[PDB]
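Below sits a lone chain in structure tokens, taken as the form deposited in one PDB entry.
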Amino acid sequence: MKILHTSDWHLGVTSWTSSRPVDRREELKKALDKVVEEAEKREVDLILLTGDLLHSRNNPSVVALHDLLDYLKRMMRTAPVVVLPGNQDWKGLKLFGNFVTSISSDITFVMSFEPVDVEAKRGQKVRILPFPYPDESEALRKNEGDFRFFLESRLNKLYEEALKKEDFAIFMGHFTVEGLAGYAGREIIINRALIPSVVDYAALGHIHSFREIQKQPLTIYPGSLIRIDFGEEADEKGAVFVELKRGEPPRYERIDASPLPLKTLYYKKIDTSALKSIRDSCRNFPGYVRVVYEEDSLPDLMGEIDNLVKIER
């Protein structure tokens, strides 16, 4: 069974609004078009979207919605799709996915801990074990003091249920795993060993950097399709194609999104030398630049350099 797993699109995002608005819509469409064109070529059987498809939790734009629906539609033409909305998907979208989910067997939204069964392109019977974002807000809501005895009982249920799979069991989560603190300088974090060990694949979303979290069960974050801000100069962007065969270990292959790069320039004083360096370093750079400096002054660089998006102290 062939799978396209992709995530964390953030449709409608514009970066650096406090300093120099760049609408990411063109770059983002470039990547999504590349991903979808790739999934058509490989003739995948199932498409897994693990959330944060939209960027605005409360006020998505019509353009953004139109886009998302366009893509959902192109994808459905190639294979059945399963969506696990995340923390930053507009609440209205969960309502629509709930409505469209009854109407079709070619798209299906999962918004609870309840497992659902689905058929893929070629009839493969797939069991979805979903784990939506553990929101601090819905732990205050539930008013159960220790939230963890509860998440743990859910991860147990999904394990008991994965054991009854017919063809494949696939876990879908939207959260952060016990990654890496302390980056300088809060979430309900889930330990990766807690993801049920018996599923054939564990598709994650929420993290923007592609990472192969563990091998048994195969657990991946595909990452964003673009670099959203400057904490993402060094990671990898794209989606992931996964193959599952009953007798065998899972195999996978990245589709790199080929995102525009980001770069930071560091200076003590903005000298005449610095000005030259900044001008020279931005001139032929195909992406976006931030400069940070230590000692004060300062000319209008952003009026002169189209790709200089941030200047700090």
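Start at 1 with the first residue shown and count on from there.
The form deposited with a small molecule bound exists for this protein as well; it is not shown, and the discussion that follows is about that form.
All of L53, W90 and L93 with a heavy atom within 4.5 Å of the small molecule in the deposited bound form: All of them do, each having a heavy atom within 4.5 Å of the partner.
Heavy atom contact within 4.5 Å of the small molecule in the deposited bound form, the stretch among 210-218, 234-242, 77-85, 120-128: Going through the listed ranges, the match is 77-85.
Exercise: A202 in contact with the small molecule in the deposited bound form, heavy atom 4.5 Å: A202: no, not in contact with the small molecule in the deposited bound form.
Exercise: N58 in contact with the small molecule in the deposited bound form, heavy atom 4.5 Å: Close contact exists here: in the deposited bound form, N58 approaches the small molecule to within 4.5 Å, heavy atoms only.
4.5 Å heavy atom contact, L32 and the small molecule in the deposited bound form: Result no; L32 lies far from the small molecule in the deposited bound form.
The small molecule contact at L72 in the deposited bound form, heavy atom, 4.5 Å: The answer is yes: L72 has a heavy atom within 4.5 Å of the small molecule.
The small molecule: the contacting residue among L68, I255, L28, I278 in the deposited bound form [heavy atom, 4.5 Å]: Contact with the small molecule in the deposited bound form is made by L68 alone.
One residue of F230, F109, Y159, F168 in contact with the small molecule, assessed in the deposited bound form (non-hydrogen atom, 4.5 angstroms): In short, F109.
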